[PDB]
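**Q** First the structure, then my questions, so here it is.
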Amino acid sequence: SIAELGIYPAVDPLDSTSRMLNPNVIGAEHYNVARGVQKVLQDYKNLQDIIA
Amino acid sequence: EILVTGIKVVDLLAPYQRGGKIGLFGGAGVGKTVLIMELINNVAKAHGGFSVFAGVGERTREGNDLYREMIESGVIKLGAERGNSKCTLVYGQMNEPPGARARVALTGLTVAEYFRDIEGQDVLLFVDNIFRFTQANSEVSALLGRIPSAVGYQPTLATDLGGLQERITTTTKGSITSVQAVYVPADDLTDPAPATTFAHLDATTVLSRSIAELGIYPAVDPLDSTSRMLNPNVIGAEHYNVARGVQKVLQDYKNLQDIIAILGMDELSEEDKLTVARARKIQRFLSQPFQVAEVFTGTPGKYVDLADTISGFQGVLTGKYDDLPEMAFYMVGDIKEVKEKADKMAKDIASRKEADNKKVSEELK
Amino acid sequence: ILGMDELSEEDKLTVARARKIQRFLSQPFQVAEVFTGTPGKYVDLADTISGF
Amino acid sequence: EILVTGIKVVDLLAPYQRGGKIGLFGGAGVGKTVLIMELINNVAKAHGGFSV
Amino acid sequence: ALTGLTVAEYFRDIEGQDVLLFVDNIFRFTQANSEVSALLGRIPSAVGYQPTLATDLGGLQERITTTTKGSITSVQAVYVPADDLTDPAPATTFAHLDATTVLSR
Amino acid sequence: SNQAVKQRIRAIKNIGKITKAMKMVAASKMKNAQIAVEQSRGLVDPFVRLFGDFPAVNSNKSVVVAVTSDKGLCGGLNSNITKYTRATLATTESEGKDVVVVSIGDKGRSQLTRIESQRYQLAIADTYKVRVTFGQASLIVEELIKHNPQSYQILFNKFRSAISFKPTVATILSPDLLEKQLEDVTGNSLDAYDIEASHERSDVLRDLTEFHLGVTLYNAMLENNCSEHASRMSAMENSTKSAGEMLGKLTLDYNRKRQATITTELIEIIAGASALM
Amino acid sequence: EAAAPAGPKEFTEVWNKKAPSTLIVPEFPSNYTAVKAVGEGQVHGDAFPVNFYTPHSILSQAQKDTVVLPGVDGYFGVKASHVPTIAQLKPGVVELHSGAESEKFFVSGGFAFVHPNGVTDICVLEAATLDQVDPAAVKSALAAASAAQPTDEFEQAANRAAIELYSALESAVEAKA
Amino acid sequence: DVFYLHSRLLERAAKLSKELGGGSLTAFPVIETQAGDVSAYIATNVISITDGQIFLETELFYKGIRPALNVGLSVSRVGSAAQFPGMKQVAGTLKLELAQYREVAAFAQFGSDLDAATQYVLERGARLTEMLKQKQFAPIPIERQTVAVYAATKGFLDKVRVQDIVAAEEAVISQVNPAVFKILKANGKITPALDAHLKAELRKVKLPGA
Amino acid sequence: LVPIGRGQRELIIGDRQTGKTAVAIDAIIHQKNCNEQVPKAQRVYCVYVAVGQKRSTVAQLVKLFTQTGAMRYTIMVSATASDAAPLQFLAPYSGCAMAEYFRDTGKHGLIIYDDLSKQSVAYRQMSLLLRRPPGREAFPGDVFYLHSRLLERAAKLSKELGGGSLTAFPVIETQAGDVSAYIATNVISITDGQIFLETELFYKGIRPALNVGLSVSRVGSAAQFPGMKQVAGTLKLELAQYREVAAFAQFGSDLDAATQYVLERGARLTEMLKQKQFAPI
Amino acid sequence: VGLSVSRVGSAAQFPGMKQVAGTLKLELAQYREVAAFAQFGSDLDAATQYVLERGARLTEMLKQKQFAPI
Ligand SMILES: Nc1ncnc2c1ncn2[C@@H]1O[C@H](COP(=O)(O)OP(=O)(O)OP(=O)(O)O)[C@@H](O)[C@H]1O
Ligand SMILES: Nc1ncnc2c1ncn2[C@@H]1O[C@H](COP(=O)(O)OP(=O)(O)O)[C@@H](O)[C@H]1O
Ligand SMILES: [Mg+2]
Ligand SMILES: [Mg+2]
C-alpha cells in the first residue's frame, strides 16, 4: 500500500525494525530522531482515518 | 442471433443467444424456478420447436404443478392426442437417491440430442437445477474410494461437468437452446461447482438475494449478469450503448452505497443526487410482474417487447422521465404503463374518502 | 449531550425511580459477613414482588 | 416451578427454574465466588438440599 | 463432571434432597471432551470440535433434571470462546441453558 | 482474503467513534448558542408589530436572501431551504419582477447555483468562522443596500427545538417606495405614530428599514447557526447508528468467515492425513 | 395606493397554488409574537409593559411606570398611556424606573417605539450600564475626537458623532448620584 | 448427503391424488439459526426443499411483538390461492398495509420528518401489528380471525392510539353476534348479504379505547 | 503504462467477466498488422492455447482469426472441457513446445495460456486420483512447479543460440478480486508483470478494465516504443494523482479549484484509455 | 492496559502502590473511553478535556528506557 502511494522504495516505515536501534550502540541522537519520525508517522496513521 | 424473451432486465442487460446456453444462478429463495417458468411461458410457446424439461433434483410438487399446467395449457395432450404434444419431461426429482439424480440430466440431454441430431430441429432443453447433478456426484464420490477435493466436492468435478455441458451446444444439423438453473450452494459464488459452471454458459443471468430482499422481482443482479450477445456487432449500436449506460449508472450507485449508508443522501452533491435518482428509477424499472407470478399476487403479467425496453430504458437514462417518482417504476410493464401508474399514483393521494353514505349497507334491499 | 436538568418531569421521576431501584437490587450476603461485618438478609419472593 | 435462591435480582428478573440449568457470564473480581457461596448457603439453609 | 453428577445423583435420589450443582466453566468440559475425541482418532467436526459434541454434552446435561424424588439445579459458568454466539460450543451449550445471569464490571 | 473484513471493521468502528464525538460537538454547540438566540429574538417582534407582515407584495425589484450553513454536515437543512427558496420565490412572481438571489454560507453557492443562477449575484461565505456579530450583519446589509430593491425576503430556519426546523421568510420592505404605501388603510395607520425625528418621516423610515434589515439578517444568521448545530446533532446520531448496524453486520460476517476458514483448513489437514495412512 | 392585499394568513393560500402540495407552509415572524399593536388595553393602571431590547441581549422585559428616552429633540419621559411614537434617540442615557427604584442605562443610538396599546419597545444597539463605563479615558477619547479634523464629510459625520457621544458620556458621568 | 437426508425426509409430505385415497400430510420442520443468517448450510438446504418459510426474527421478538413473523421474508406461494377465501379478501389488503408499514418504518428509523399522510400508514401499521400479535397457547379459529382482521384492515379501530388493541380484539370478538361466526365459517367467504351485516355490527361496538 | 517486451512473461489476471481474453486477442490480432509491415526476421508468430474452455468458444475464435486473417500466423491448441484432465494438464506445455520451435530458430514467438487456473484444476484431478496427498485447498504442493516449469520456458535467448524470443501471456481467473487465492499467488510471483483487471471498473466504462494502480511490469520502460517513453512518463503519474483526489472528493465535502483540475485532467485520461472490442491502434 | 489484566488483582499488589494504582487505572479507564477525541482538540467540554490531558499525563508517565529497572 506504500508502493501504491508511489514511495519507491516501498519500505514500511513503522514495522521495519532492527536490533541496531539501541541508543547505547549507535548513539542517542540517531535513536531520538528515529523514534520521533516513527511517532510522527504513527500520529499521521491514526489521523488518516479522520483525514480520509 | 437474438432470442427475444419478453423480460426487461433479461432482454436489456444479458440477452439470450438463440443458439447458445442460458444460466440462472440462484441462492435458495431468489426465484430461479419462477423465472424459468416465466421463461417457459414466454419462449416455449412462440418458439415452435420441441422442448425438453429435465428436472434434476428440484421439488416434486413443482413437477406436478408443471404437469397440471402443461396439460391444461395444451402443451401436453393426453388420450388419443399424444402426438400433438410439444414437451417431454424427464424427472429425477429430489426424492431419488444420488445415483438417480446423477444421471437424469444425461437422460434429458439424450432426449434433446435425438431431436438435435436425427430429427434436426431446434430444441429447448430446460434443465432444472443442474447443480444437483454435481451434488449427487459428490455424495457418490465420498464412497467411491476417492479423496475429497475443494470445499467438499469431487476430484473429477471439472471433466464431468464438461462432459455434460459440452453436449448441449448447437451443431450444424440442429440447435439446442439450453436454459439451466444453477443453484449456488450457500450464496457462495466461489464454490467450485458454480465456479466451474460459469465457464460453460453463453448468457449467464445471476439472481441475487439482496435484490429479492428489496422485493424487486425478478431479482436479477444487473451488474453481474452478462452475455456474449451484449456486443455492438449483433444487436445494433443503440441497444449496446443504452445497455452500457444503464450498467454505468448502476455501477456508480453501487459505489455510492457505502457513503449513502453512513451519511445519507444529504451529504452528496447535486449531480450525485441526479445519478442516485436515475439509478433508483432504473433499478426499480427492471422489475416486472410476471405472467406465472399472477397465481399468488393478483397482478396481471406483462410481456415487454424489446423496442419498448429500449425506449423506456433510453428515456430514463437520458432524463425524459425524471419527474416521475420511484414507485411509478415498481412492478410495471413498460414506459407507457409507467405514466399510466403515475396517473393512478397521483390520483389516490387526494381522493381517499367519501364512502359514508350511498352504500348498499342499509337493511331493506 | 444536553444536560442533567434538561429532561422533562415525566421522565426524571423514572430516572429517580431507576436510580433507587438499581441500588435496591443489591443484597448483603451472609457468606461475606466474615469480612464485611454486616450480616446477610435472605429475601423471600412474595416480599420481593410486593416491595418492588 | 421456581427456585427461591433469596437474591432479589435472580429471583425477580431472571428466575432460577427449579431443576433447570443456569448460565453465569462471569469474569474476574466481579464477586462470582461470593455469589456461588451465598447460593449454596441459602439453598442449604432454606430448601434442605446440599450442593456440589 | 460425571463424578459431580454422581454425588449430586446420590444426594437427589437417595437423600431425597433439592440439590445444587456447579459445573465450573462448561466450555472447558467441552474442551476436554474435544481433546479426548481428537485423541482417539475420530475425525474432528466444525470449527475444531469433536464429532460427538452434541451427544456427549447431552449425556452430561440430561442427568440434570427434576425427578419425582428430588431435583438437581445446576449453575454452570459459560465462557464464549471468541465472544461469538455462532460458535458451536455456546450454540450447543445454550440449547440446554434455561436462565442466564450476566455479571458486569 | 480474511484481512479485508477485519480492516473494514477497524474503519467502521473509528467512523462510529468519530460521529459519536461529533454528536457531542454539535449538541454542545447547540447550547452555547441557546444563550444568545432567545436574546437575538428580542428585536424581531417590535418591527413586525410595527410594520405588520406583508410578504405577498408586488415588488418591482427584490433581494431574496437564503442564508445557509458553512460545513456540509447539515442533514435536511441546506437543500430544504434551497427548495423553499424557489417555493417562496415562485408564488411571489406574477408580473416579472427583478430578483436578486443572495445566499449566505458556503453551502448556498453549491446548491442555489443549480436552480437559479441567472438571478444570483452575491454569495457571502465564512460567516460562522468565529461567531455571529452585529457589525457583520450591518456590513452585509449595506452590501445589499448598495442596490435599491423594493422589498427583501429572508429565508432561514427557525430553531424552535432540536426536532422542528420550520423555515421562515422575514420580510423587509423599501421605505418610501413600498413600506409607507402598504400602510395606506383609510389614510395611514403609521401617522398615528407621532414622529420624533430630525428630518421628515421619509428619511427616518429609510433608517428604520435599514435597521430592520440588519437586525433580521443578524437573527437569521444566528438562528440558522443554532439550527445547523441542531441538525448536525440529528445527523451525527444517525451516522452513529448506521456505523453501529454496519459494524454489527460486518462482525457477524467476520465470525462466519473465521469459522469457514478454520473448518476448511482443518478439513485440509484431515484429508491430507487420512489419505496418507 | 394599497393595491397589494398581502398578509401572513393570505400567504398560505397563495403558497398552496404554485408550490407542490407536499411541503408545510413556511412560517412568518407574525406567528412568533403575541404582544401586538392595536390590541386595545395592555395598560392596567400605572404599570405599562416595557420591552427593552438589544441585538445580543435582553436586559429588561418587566413592567415599568416611567421610561425617559434621549430623543433628538431632547430627553422625554414615557408614561403609561403614552402617545404612539417613532423616536430616533440621541446617544445618551435611558432611565428605567419601576417606582421607588431607579436604574439608568447609557444607550448608544437607536430607535424607540410606543404603540397604541401603551406598550414600549426600546430598540438600541449597545445599551451599556453606567457601572461598566469609565470616567478616565472618556476625556482622552474626546481629546482624540477634538483633534482629528480632516475635510471628508464621512469622517466629519463619524467625528461629530464621536464628539456628541463622548460629551454625552461626560455629562452622564459627572452628575451622578 | 445431508441434502439427501433432509430431502428424503421432507419429500413424503404430499397431497395425494383422488384415486390414492385423497389424504394429505403437512410438514413443519424447525431449523435452529445462529445469529439469524439465512445463508448457512442447513438453512439454505432446507429452504430449497420446503414449499415456503416462516421467518421468526429475533429483533421483532425482543420488542414484544410475539409471534415475531418477519412478513417480508416469509413467503408461502402454494397456500396463497389455496386458502380460506373470506380471509383472502381482506388479507391481500392486509399484505399491502404491512408492506407499506415495512417500507415507511425503514424510511423512518427515527422521527424527524412528518408528512401527515405517511403518518396514516405509520399509525395503521402499528395498529395492525398490535392486532396480529397474540398470547401463547391460544388458538384462534378462522371465523374469529376473519372478523378481527376485517375490523382492523378497515376502520373501526383507529379510535385507540396503539395501546388497548389487546383489549379491543377480545372486545370486538365478544361484542359481535356469535351467529355471524357460523355464517362466515359455513359460507366460506364474506357475501354482501354478510358484508352489510359486518359493516352494520362493527359500528355499535363498545370499544374500551377513547 | 504496462509495456510488454519480447521475452517477458506478462500475466493477464481478472475476475470472471472482465476483458481478459479480449485484451489477449488484440495482441494476436495486431500481429497481423505489424507482420505485414516489419521485415521477415522480426516477425511474431502467435500461439493461443485454450485450456478447459468451451468448444463453441474455440470455434468462435478460429471464426474470428480466419475473419481477420490472423490464422496465417496462429496455432490454436484447444484443450476443451470435453478433454480429460490429463489433456488439459498437458496442453499449456505442448503449446509451449509448438511455440518453442520459433524460439529455437531465431524468430520471435508469442504464447497465450488461456486460463491457467483451469490447468491447475486438471492437474488437481489426476493428483487426487493417483493418490497424491493434497496440500492447499486441494492442490498438491508442487503446483508451483507445475507452472514454473512452464512459464520459465518463455525467454529471450542470446545471440549465439539464434537470438530468438518467446513472450508468454498466462491468464488467471480469480473469484471476487481474490488475489490471495492459492493458484493466483503462484503466478503473480513468477511472471514479470501483472495486468490485473477488475469488474467494478469494467462496468464503470473502463474497457479494458486495467486496474492501473495494481498493474506493473518489472521489465519497465527499457522495453517499450521510444516515442511513448518520453511522453507517457507523466501518464502513469497523472493517473496516480487521479485516484487519491477521487478518493477524497467522493463524500461531497470540499473542492480546491486546482485539485479540481487534476481530477479533471485525469478524467480526460481515464476516458482516453478506453478501446473497442477488436481494434488494434 | 485495556486488555492486559491480572486475575490475581490488587490483592497481592504492593501497598502504597495500591493506594495510587486504583485511581491511576480509573482515570486511565476514563481516558481510553475519552480517547480518540484528542484530534478534536479545539472542541472542549472542560471536564472531558481535563481527563483527556490527565490521561495524556499518565500515558506518557509510564514509559521505560530499555533495561531501566526501577
Ligand atoms: N475493449 C472492450 N470494449 C468493449 N467491450 C469489451 C472489451 N473487451 C471485452 N469486452 C466485452 O466484455 C465481455 C467479456 O470479455 P472477455 O471475453 O475477455 O471475458 P472473459 O473474462 O474472457 O470471460 P471468460 O474468461 O469466462 O472467457 C465480452 O462480452 C466482450 O464483448
Ligand atoms: N416474478 C415474481 N413475482 C413475485 N414473486 C416471485 C417472482 N419470482 C420469484 N418470486 C418468489 O421467489 C420465491 C422462490 O421462488 P422459487 O423459484 O420457487 O424458489 P427457488 O428459486 O428456490 O426454486 C417464491 O416464493 C416467489 O414468491
Ligand atoms: Mg424451484
Ligand atoms: Mg477467458
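Residue names in the C-alpha cells use chain letters A, B, ... in the order shown, residue numbers from 1 in each chain, and ligand numbers from 1 in the order shown.
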Can you check which residues of stretch 159-251 of chain B DSSP gives as helix (DSSP H, G or I) on the backbone and send them as a PyMOL selection string?

**A** chain B and resi 159-165+192-200+210-213+237-251

**Q** Based on the selection just made, write N, CA and C atoms of those residues as an mmCIF file, in the first residue's frame.

**A**
data_model
loop_
_atom_site.group_PDB
_atom_site.id
_atom_site.type_symbol
_atom_site.label_atom_id
_atom_site.label_comp_id
_atom_site.auth_asym_id
_atom_site.auth_seq_id
_atom_site.Cartn_x
_atom_site.Cartn_y
_atom_site.Cartn_z
ATOM 1 N N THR B 159 -14.076 -32.262 -15.348
ATOM 2 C CA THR B 159 -14.248 -33.051 -16.559
ATOM 3 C C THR B 159 -15.620 -33.696 -16.637
ATOM 4 N N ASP B 160 -16.232 -34.007 -15.499
ATOM 5 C CA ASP B 160 -17.607 -34.497 -15.502
ATOM 6 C C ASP B 160 -18.584 -33.425 -15.959
ATOM 7 N N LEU B 161 -18.467 -32.224 -15.386
ATOM 8 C CA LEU B 161 -19.340 -31.127 -15.777
ATOM 9 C C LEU B 161 -19.086 -30.687 -17.209
ATOM 10 N N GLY B 162 -17.842 -30.780 -17.677
ATOM 11 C CA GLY B 162 -17.573 -30.519 -19.077
ATOM 12 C C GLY B 162 -18.180 -31.574 -19.981
ATOM 13 N N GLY B 163 -18.062 -32.845 -19.591
ATOM 14 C CA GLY B 163 -18.621 -33.934 -20.366
ATOM 15 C C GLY B 163 -20.126 -33.921 -20.437
ATOM 16 N N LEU B 164 -20.788 -33.293 -19.470
ATOM 17 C CA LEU B 164 -22.196 -32.972 -19.684
ATOM 18 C C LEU B 164 -22.346 -31.736 -20.566
ATOM 19 N N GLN B 165 -21.810 -30.601 -20.120
ATOM 20 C CA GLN B 165 -22.221 -29.299 -20.626
ATOM 21 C C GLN B 165 -21.679 -28.992 -22.010
ATOM 22 N N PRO B 192 -16.708 -24.389 -6.072
ATOM 23 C CA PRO B 192 -16.211 -24.915 -7.350
ATOM 24 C C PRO B 192 -17.287 -25.409 -8.303
ATOM 25 N N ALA B 193 -18.494 -25.732 -7.837
ATOM 26 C CA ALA B 193 -19.482 -26.157 -8.823
ATOM 27 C C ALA B 193 -20.068 -24.958 -9.576
ATOM 28 N N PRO B 194 -20.491 -23.843 -8.945
ATOM 29 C CA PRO B 194 -20.829 -22.680 -9.779
ATOM 30 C C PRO B 194 -19.627 -22.032 -10.443
ATOM 31 N N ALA B 195 -18.437 -22.092 -9.837
ATOM 32 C CA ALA B 195 -17.258 -21.528 -10.487
ATOM 33 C C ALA B 195 -16.885 -22.294 -11.743
ATOM 34 N N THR B 196 -17.100 -23.605 -11.754
ATOM 35 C CA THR B 196 -16.901 -24.351 -12.984
ATOM 36 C C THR B 196 -18.050 -24.105 -13.947
ATOM 37 N N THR B 197 -19.257 -23.890 -13.420
ATOM 38 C CA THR B 197 -20.414 -23.752 -14.286
ATOM 39 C C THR B 197 -20.465 -22.393 -14.986
ATOM 40 N N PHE B 198 -19.784 -21.367 -14.455
ATOM 41 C CA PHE B 198 -19.755 -20.070 -15.143
ATOM 42 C C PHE B 198 -19.048 -20.145 -16.490
ATOM 43 N N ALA B 199 -18.047 -21.011 -16.615
ATOM 44 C CA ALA B 199 -17.246 -21.049 -17.831
ATOM 45 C C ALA B 199 -17.927 -21.769 -18.983
ATOM 46 N N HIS B 200 -19.136 -22.287 -18.785
ATOM 47 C CA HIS B 200 -19.801 -23.101 -19.786
ATOM 48 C C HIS B 200 -21.065 -22.466 -20.327
ATOM 49 N N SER B 210 -30.057 -10.096 -2.184
ATOM 50 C CA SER B 210 -30.267 -8.745 -1.679
ATOM 51 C C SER B 210 -31.282 -7.981 -2.512
ATOM 52 N N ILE B 211 -31.301 -8.209 -3.824
ATOM 53 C CA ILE B 211 -32.285 -7.546 -4.669
ATOM 54 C C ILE B 211 -33.666 -8.143 -4.449
ATOM 55 N N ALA B 212 -33.738 -9.424 -4.083
ATOM 56 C CA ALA B 212 -35.015 -10.005 -3.693
ATOM 57 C C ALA B 212 -35.491 -9.452 -2.363
ATOM 58 N N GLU B 213 -34.557 -9.085 -1.481
ATOM 59 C CA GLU B 213 -34.929 -8.513 -0.194
ATOM 60 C C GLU B 213 -35.543 -7.126 -0.332
ATOM 61 N N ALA B 237 -26.109 -0.637 -32.477
ATOM 62 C CA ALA B 237 -25.341 0.202 -31.565
ATOM 63 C C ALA B 237 -26.211 0.858 -30.501
ATOM 64 N N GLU B 238 -27.494 1.087 -30.792
ATOM 65 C CA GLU B 238 -28.361 1.774 -29.837
ATOM 66 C C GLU B 238 -28.614 0.921 -28.606
ATOM 67 N N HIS B 239 -28.889 -0.369 -28.811
ATOM 68 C CA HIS B 239 -29.137 -1.271 -27.694
ATOM 69 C C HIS B 239 -27.896 -1.446 -26.836
ATOM 70 N N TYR B 240 -26.733 -1.611 -27.476
ATOM 71 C CA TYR B 240 -25.490 -1.788 -26.737
ATOM 72 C C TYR B 240 -25.129 -0.537 -25.957
ATOM 73 N N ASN B 241 -25.360 0.638 -26.543
ATOM 74 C CA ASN B 241 -24.993 1.870 -25.858
ATOM 75 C C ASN B 241 -25.933 2.164 -24.698
ATOM 76 N N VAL B 242 -27.221 1.837 -24.837
ATOM 77 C CA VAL B 242 -28.132 2.009 -23.707
ATOM 78 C C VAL B 242 -27.822 0.990 -22.609
ATOM 79 N N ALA B 243 -27.406 -0.222 -22.993
ATOM 80 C CA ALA B 243 -27.007 -1.219 -22.001
ATOM 81 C C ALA B 243 -25.765 -0.784 -21.231
ATOM 82 N N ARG B 244 -24.782 -0.220 -21.931
ATOM 83 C CA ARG B 244 -23.589 0.246 -21.241
ATOM 84 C C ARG B 244 -23.880 1.471 -20.393
ATOM 85 N N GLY B 245 -24.825 2.313 -20.819
ATOM 86 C CA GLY B 245 -25.228 3.437 -19.989
ATOM 87 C C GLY B 245 -25.900 3.014 -18.695
ATOM 88 N N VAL B 246 -26.832 2.057 -18.774
ATOM 89 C CA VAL B 246 -27.561 1.662 -17.572
ATOM 90 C C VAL B 246 -26.648 0.879 -16.631
ATOM 91 N N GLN B 247 -25.698 0.110 -17.186
ATOM 92 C CA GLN B 247 -24.719 -0.546 -16.326
ATOM 93 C C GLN B 247 -23.759 0.451 -15.696
ATOM 94 N N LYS B 248 -23.436 1.538 -16.400
ATOM 95 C CA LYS B 248 -22.581 2.571 -15.829
ATOM 96 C C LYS B 248 -23.255 3.258 -14.651
ATOM 97 N N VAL B 249 -24.542 3.580 -14.795
ATOM 98 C CA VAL B 249 -25.258 4.258 -13.716
ATOM 99 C C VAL B 249 -25.447 3.327 -12.520
ATOM 100 N N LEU B 250 -25.728 2.044 -12.778
ATOM 101 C CA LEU B 250 -25.891 1.091 -11.682
ATOM 102 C C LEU B 250 -24.579 0.817 -10.955
ATOM 103 N N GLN B 251 -23.456 0.774 -11.680
ATOM 104 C CA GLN B 251 -22.163 0.596 -11.029
ATOM 105 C C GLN B 251 -21.802 1.810 -10.188
#

**Q** Which residues, written as an mmCIF file with N, CA, C and O atoms, in the first residue's frame, have at least one atom at most 12 Å from stretch 22-35 of chain A, with only C-alpha atoms counted and residues fewer than 6 positions away on the same chain left out?

**A**
data_model
loop_
_atom_site.group_PDB
_atom_site.id
_atom_site.type_symbol
_atom_site.label_atom_id
_atom_site.label_comp_id
_atom_site.auth_asym_id
_atom_site.auth_seq_id
_atom_site.Cartn_x
_atom_site.Cartn_y
_atom_site.Cartn_z
ATOM 1 N N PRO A 13 7.579 2.176 6.999
ATOM 2 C CA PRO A 13 8.399 2.920 7.962
ATOM 3 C C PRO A 13 8.161 2.517 9.402
ATOM 4 O O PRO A 13 9.038 2.729 10.244
ATOM 5 N N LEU A 14 7.002 1.946 9.713
ATOM 6 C CA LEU A 14 6.711 1.593 11.093
ATOM 7 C C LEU A 14 7.254 0.218 11.457
ATOM 8 O O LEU A 14 8.022 0.090 12.416
ATOM 9 N N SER A 16 9.353 -1.805 10.062
ATOM 10 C CA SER A 16 10.762 -2.109 9.859
ATOM 11 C C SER A 16 11.536 -1.785 11.128
ATOM 12 O O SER A 16 11.520 -0.645 11.600
ATOM 13 N N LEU A 41 4.937 9.573 12.153
ATOM 14 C CA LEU A 41 4.242 8.706 11.207
ATOM 15 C C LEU A 41 3.098 7.937 11.847
ATOM 16 O O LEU A 41 2.080 7.709 11.187
ATOM 17 N N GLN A 42 3.215 7.571 13.122
ATOM 18 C CA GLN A 42 2.116 6.883 13.786
ATOM 19 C C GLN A 42 0.959 7.831 14.081
ATOM 20 O O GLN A 42 -0.208 7.434 13.987
ATOM 21 N N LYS J 65 12.876 2.884 29.574
ATOM 22 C CA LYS J 65 14.029 3.272 28.777
ATOM 23 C C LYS J 65 14.993 2.102 28.592
ATOM 24 O O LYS J 65 16.188 2.221 28.870
ATOM 25 N N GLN J 66 14.466 0.947 28.158
ATOM 26 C CA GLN J 66 15.258 -0.136 27.563
ATOM 27 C C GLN J 66 16.322 -0.727 28.490
ATOM 28 O O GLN J 66 17.483 -0.298 28.465
ATOM 29 N N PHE J 67 15.872 -1.608 29.397
ATOM 30 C CA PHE J 67 16.645 -2.186 30.508
ATOM 31 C C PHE J 67 16.957 -1.114 31.543
ATOM 32 O O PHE J 67 18.094 -0.956 31.985
#

**Q** Quick one: residues within 7 Å of ligand 2, with only C-alpha atoms and all ligand atoms, as a list in words?

**A**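 Sorted by chain and then by number, the residues are residues 26, 27, 28, 29, 30, 31, 32, 33, 34, 35, 217, 218, 288, 289, 290 and 293 of chain B; 48, 52, 75, 76 and 77 of chain H.
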
**Q** If you keep N, CA and C atoms, can you produce a file of those selected residues as a CSV table (one decimal), in the first residue's frame?

**A**
chain,number,residue,atom,x,y,z
B,26,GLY,N,-28.9,-19.1,-8.7
B,26,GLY,CA,-29.8,-18.7,-7.6
B,26,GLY,C,-29.4,-19.2,-6.3
B,27,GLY,N,-29.9,-18.5,-5.2
B,27,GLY,CA,-29.4,-18.8,-3.9
B,27,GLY,C,-30.5,-19.3,-2.9
B,28,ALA,N,-31.4,-20.1,-3.3
B,28,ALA,CA,-32.5,-20.7,-2.4
B,28,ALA,C,-33.5,-19.6,-1.9
B,29,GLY,N,-34.3,-19.1,-2.9
B,29,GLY,CA,-35.4,-18.3,-2.5
B,29,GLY,C,-35.4,-17.0,-3.2
B,30,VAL,N,-34.6,-17.0,-4.3
B,30,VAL,CA,-34.5,-15.8,-5.1
B,30,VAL,C,-35.3,-15.9,-6.4
B,31,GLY,N,-35.8,-17.1,-6.6
B,31,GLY,CA,-36.8,-17.3,-7.7
B,31,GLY,C,-36.3,-17.7,-9.0
B,32,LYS,N,-35.3,-18.6,-9.1
B,32,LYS,CA,-34.8,-19.1,-10.4
B,32,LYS,C,-35.8,-20.0,-11.0
B,33,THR,N,-36.6,-20.8,-10.3
B,33,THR,CA,-37.6,-21.6,-10.9
B,33,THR,C,-38.9,-20.9,-11.3
B,34,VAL,N,-39.2,-19.8,-10.6
B,34,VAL,CA,-40.3,-19.0,-11.1
B,34,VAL,C,-39.9,-18.2,-12.3
B,35,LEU,N,-38.6,-17.8,-12.4
B,35,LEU,CA,-38.1,-17.2,-13.6
B,35,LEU,C,-38.0,-18.1,-14.7
B,217,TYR,N,-38.7,-8.1,-8.2
B,217,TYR,CA,-38.8,-9.4,-8.9
B,217,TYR,C,-38.9,-9.2,-10.4
B,218,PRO,N,-38.1,-9.9,-11.2
B,218,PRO,CA,-37.1,-10.9,-10.8
B,218,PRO,C,-35.9,-10.3,-10.2
B,288,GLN,N,-40.7,-6.4,-13.1
B,288,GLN,CA,-42.0,-6.5,-13.8
B,288,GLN,C,-42.8,-7.6,-13.1
B,289,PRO,N,-44.1,-7.5,-13.2
B,289,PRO,CA,-44.9,-8.6,-12.7
B,289,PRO,C,-45.0,-9.7,-13.8
B,290,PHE,N,-44.8,-10.9,-13.4
B,290,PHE,CA,-44.7,-12.0,-14.3
B,290,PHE,C,-46.1,-12.6,-14.6
B,293,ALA,N,-46.3,-15.4,-12.0
B,293,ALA,CA,-46.4,-15.0,-10.6
B,293,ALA,C,-47.8,-14.4,-10.3
H,48,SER,N,-34.5,-24.8,0.0
H,48,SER,CA,-34.6,-25.4,-1.3
H,48,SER,C,-35.4,-26.7,-1.4
H,52,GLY,N,-42.2,-23.2,1.5
H,52,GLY,CA,-42.3,-21.9,2.0
H,52,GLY,C,-41.4,-21.6,3.1
H,75,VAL,N,-42.6,-16.2,2.9
H,75,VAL,CA,-43.5,-16.4,1.7
H,75,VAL,C,-43.9,-17.8,1.7
H,76,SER,N,-45.2,-18.0,1.3
H,76,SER,CA,-45.7,-19.4,1.1
H,76,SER,C,-46.6,-19.3,-0.1
H,77,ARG,N,-46.1,-19.7,-1.3
H,77,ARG,CA,-46.8,-19.5,-2.5
H,77,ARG,C,-47.7,-20.6,-3.0

**Q** From the options A:10, A:37, A:21, A:52, which residue's atoms come nearest to chain F, counting only C-alpha atoms?

**A** A:52

**Q** Which residues are near residue B:186? Cut-off 9 Å, only C-alpha atoms, ignore same chain within fewer than 6 positions. Put them as a short mmCIF file (atom, residue, chain, number, x, y, z; two decimals) with N, CA and C atoms, in the first residue's frame.

**A**
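Written out: result.cif:
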data_model
loop_
_atom_site.label_atom_id
_atom_site.label_comp_id
_atom_site.auth_asym_id
_atom_site.auth_seq_id
_atom_site.Cartn_x
_atom_site.Cartn_y
_atom_site.Cartn_z
N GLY B 27 -29.85 -18.55 -5.21
CA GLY B 27 -29.43 -18.83 -3.85
C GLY B 27 -30.50 -19.25 -2.86
N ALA B 28 -31.41 -20.15 -3.26
CA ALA B 28 -32.50 -20.70 -2.43
C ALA B 28 -33.46 -19.61 -1.95
N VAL H 38 -29.56 -16.52 6.98
CA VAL H 38 -30.25 -17.41 6.06
C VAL H 38 -29.25 -18.20 5.23
N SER H 39 -28.01 -17.74 5.16
CA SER H 39 -27.00 -18.29 4.27
C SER H 39 -26.13 -19.35 4.93
N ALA H 40 -26.69 -20.18 5.80
CA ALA H 40 -25.96 -21.28 6.43
C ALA H 40 -25.71 -22.41 5.43
N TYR H 41 -25.46 -23.62 5.92
CA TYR H 41 -25.58 -24.77 5.04
C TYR H 41 -26.96 -25.40 5.17
N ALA H 43 -29.75 -24.24 6.56
CA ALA H 43 -30.86 -23.34 6.27
C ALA H 43 -31.12 -23.24 4.77
N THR H 44 -30.07 -22.99 3.99
CA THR H 44 -30.24 -22.91 2.55
C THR H 44 -30.46 -24.27 1.92
N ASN H 45 -30.14 -25.36 2.61
CA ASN H 45 -30.53 -26.66 2.09
C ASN H 45 -32.03 -26.88 2.25
#

**Q** Can you tell me which residues surround stretch 133-145 of chain H at a distance of at most 6 Å, considering only C-alpha atoms, apart from same-chain residues fewer than 3 positions away, and format the answer as a compact mmCIF listing (two decimals) with C-alpha atoms, in the first residue's frame?

**A**
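around34.txt written:
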# COMPACT_ATOMS: atom_id res chain seq x y z
CA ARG H 66 -44.88 -12.13 19.79
CA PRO H 67 -45.15 -14.07 17.38
CA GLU H 130 -50.79 -4.93 17.59
CA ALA H 148 -60.76 -9.45 13.83
CA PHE H 181 -69.39 -16.62 13.06
CA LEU H 184 -68.73 -16.80 7.92
CA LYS H 185 -67.45 -20.30 8.73
